[PDB]
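Let me begin by presenting the structure, written as structure tokens, before commenting on it.
Note that each Cβ is placed from the backbone with ideal geometry, even for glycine, and that neighbours are counted across all protein chains shown. What follows is calculated from the coordinates using simple rules that are stated; it is not laboratory data.
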Amino acid sequence: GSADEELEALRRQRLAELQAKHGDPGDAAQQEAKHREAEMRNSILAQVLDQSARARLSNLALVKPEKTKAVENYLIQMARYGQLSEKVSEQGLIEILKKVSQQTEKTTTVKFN
């Protein structure tokens, strides 16, 4: 088993270990870095919030992005708990949104953004 994989690995090893750099540690790398910042946040949100929840989040950002910022942040926290076996549905996002509407997410812990 995995013979084709380990075979391909030898070829890929030459490719991977080579490490194609672009020469400079700037410009594209800066945008790349910033993209990775978003990517990590976007990926967890896209996996935790299903399509429906994203669409609702988008419309929420349309009406008042202030709270969007709070719930986006909140979902990042919730995702960091690794408790998302299931998708957060629209109703779930709305339940969260309800408690965060004024301000109820500032827990006594230093949470990241």
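Please give the calculated 222 nm ellipticity per residue for the chain, where each DSSP H segment of at least 4 residues contributes -39500 (n - 2.57) and the sum is spread over every residue; nearest 500 deg cm²/dmol?
Details: 5 runs with 77 residues, N = 113.
Helix contribution divided over all residues of the chain: -22500 deg cm²/dmol.
Within the set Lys34/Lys64; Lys69/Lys98; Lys69/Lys99; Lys64/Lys99; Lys34/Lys98, which residue pairs have Cα atoms separated by over 23 Å? Table pairs above 23 Å Cα-Cα are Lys34/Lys64; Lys34/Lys98.
Counting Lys and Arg as +1 and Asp and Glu as -1, what is the net charge of the other residues whose Cβ lies under 14 Å from the Cβ of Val63? Neighbour charge sum, excluding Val63 itself: +3. Angle of helix 28-48 to the longest C-alpha principal axis of the chain, folded into 0 to 90 degrees and rounded to 10: 60°. About its Cα centre, the dipole of the chain is roughly 640 debye, where the only charges are +1 on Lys and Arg Cβ and -1 on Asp and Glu Cβ.
Evaluate the Debye formula for the chain with equal point scatterers sitting on the alpha carbons, no solvent, and hand back log10 of I(q)/I(0) at q = 0.19 Å⁻¹, in q order, two decimals. One equal scatterer on each Cα of the chain leads to -0.97.
Which parts of the stretch 7-21 would a label at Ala29 reach, counting a residue when its backbone N lies under 17 Å from a point 7 Å out along Cα-to-Cβ? Answer for this model: 18-21.
For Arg12 and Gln77, the FRET efficiency from 1/(1 + (r/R0)^6), where r spans their Cβ atoms and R0 equals 41 Å, is about 0.65.
Using 0.36 nm per residue of separation minus the Cα-Cα distance, give me the extension gain between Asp4 and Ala55 in nm, one decimal.
Working: separation 51, 0.36 × 51 = 18.36 nm, distance 4.14 nm.
Gain on extension, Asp4 to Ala55, equals 14.2 nm.
For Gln19 and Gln91, what does the FRET efficiency come to when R0 = 41 Å and r is the distance between their Cβ atoms, rounded to the nearest 0.05? My answer for the efficiency is 0.30.
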